[PDB]
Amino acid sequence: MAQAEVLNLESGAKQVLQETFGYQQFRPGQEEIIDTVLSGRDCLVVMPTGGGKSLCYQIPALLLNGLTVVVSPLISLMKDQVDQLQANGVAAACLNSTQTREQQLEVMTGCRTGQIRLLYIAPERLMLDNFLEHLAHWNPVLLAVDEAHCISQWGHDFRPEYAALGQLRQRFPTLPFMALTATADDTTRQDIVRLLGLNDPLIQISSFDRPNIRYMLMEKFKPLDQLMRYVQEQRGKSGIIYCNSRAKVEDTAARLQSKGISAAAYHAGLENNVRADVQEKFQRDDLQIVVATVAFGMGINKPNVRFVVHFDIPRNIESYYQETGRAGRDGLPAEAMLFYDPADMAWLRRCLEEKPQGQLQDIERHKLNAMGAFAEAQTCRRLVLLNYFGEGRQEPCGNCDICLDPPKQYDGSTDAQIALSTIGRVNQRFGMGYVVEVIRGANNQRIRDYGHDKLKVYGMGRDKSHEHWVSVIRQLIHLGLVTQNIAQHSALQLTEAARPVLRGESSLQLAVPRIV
């Protein structure tokens, strides 16, 4: 079998980091994870980038005797990891249904004979053709599940092939598991641990704050002209412009090229050699801009992308966070610019509400609502993101469009106490609409049947508009005082941070709600 490379495991982690991978020091959370994995304890890793993430299982794999198995759905990216690893002297291979059976059998023979240390496998392949019975004889020492949020229906990218990964724990009870992801909120993180059967795992959630990325929004008004001007104002800085159609990509690349800008189109309709060339030309800074569909995702992630534009709003914050997160991997100042029109959200809502009714549509609706609320926020954009992912923070960043031009404020302490009290009084079971009706004292049969018309809070906000109360509550959500529980039909629920305001111990400044 693949042999451990270092005598002392504790000192080995840093030795391999530096000597094999060339990194001088660990990033936050990495050492902890790696030492925990080397101790044989299950782990869930929520990390800012794939880069720090992958070393969380590659370093352990080099310090252990045995085979490390890495499950990933990214076939054309898994194959790239292998080449890069092999170039660093690491015995890596991959197995998936796209390979010929001849090639698959060679990889299986490499694992059987102990010539392969690290095997990347597609989830479908791992659970097919009695592969697990073969895997049991190959001295498995660690099983890592990448893109682990894909096992959850509460996430933004559920994959049916991940569901069967819940059978691994039972089949390999003494095999330590790790689950890894860059984008999972609280509900999704909890679901990952439950579905994979992680045994009291170390849960390492790194910060979602990328302090060097400035987040901005521009309301659309002749948006093709706004986009060209934005690009002109970058004055040569590199960028990715994300569009939701191939024609937008192609037309946008042509208009930029017409103005002397070094830009290329990138989408799944290009040939593989053309895709690789565009990626390489962008990596080396031969190209200033790549205009792309969501296909030009992570994977290339040049460290020095200066800006990411979203011409069209994404369907969920998870996607928006992942895509904007491709900017400024080097830590130098970077910007994310989203062009928005409320008619864009109206269209997405239309598309969604005629899809099949039920649980799946509810999940999509919840995440779409939150994306629209981010766009229409009156609170620091960074706080919206951080609190969406459950990273409690109330201090404004000073580095987003809202922080650069804060809305007029008012003392919202009384309004916040009314909203927070209402949420508590209705036992945190109801969504935004119902709560606002209770506050405004509406004539509603449902309210009377629950007896909520007898509450003291009932009608305490009747003198302020529906949109006023929606804004108050949305700002409380964006500040992390209130959450929307996706597993309870988006019920409004209270956090620990709500306590001082609810008690009247602290004052709360809020944005005066926009008239709209």
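Residue numbers here begin at 1 and follow the sequence given.
Higher mean CA temperature factor between 485 to 493 and 51 to 59: 51 to 59, per the PDB entry. For the pair 172 to 180 and 211 to 219, the mean B factor over Cα atoms is greater in 172 to 180. The entry lists C-alpha B-factors for 319, 387, 304, 86, and the highest of these is at 86. As recorded in the PDB entry, 29 shows the highest C-alpha B-factor of the residues 480, 40, 29, 459.
Compared with the other modelled residues of the chain, the Cα B-factor recorded for residue 454 ranks in the highest third. Residue-level temperature factors show residue 104 in the middle third of its chain, judged at the C-alpha atom. Per the deposited record, the Cα B-factor of residue 125 falls in the highest third when ranked against the other modelled residues of its chain. When the modelled residues of the chain are ordered by C-alpha B-factor, residue 17 sits in the highest third.
When the modelled residues of the chain are ordered by their C-alpha B factor, residue 228 lands in the middle third.
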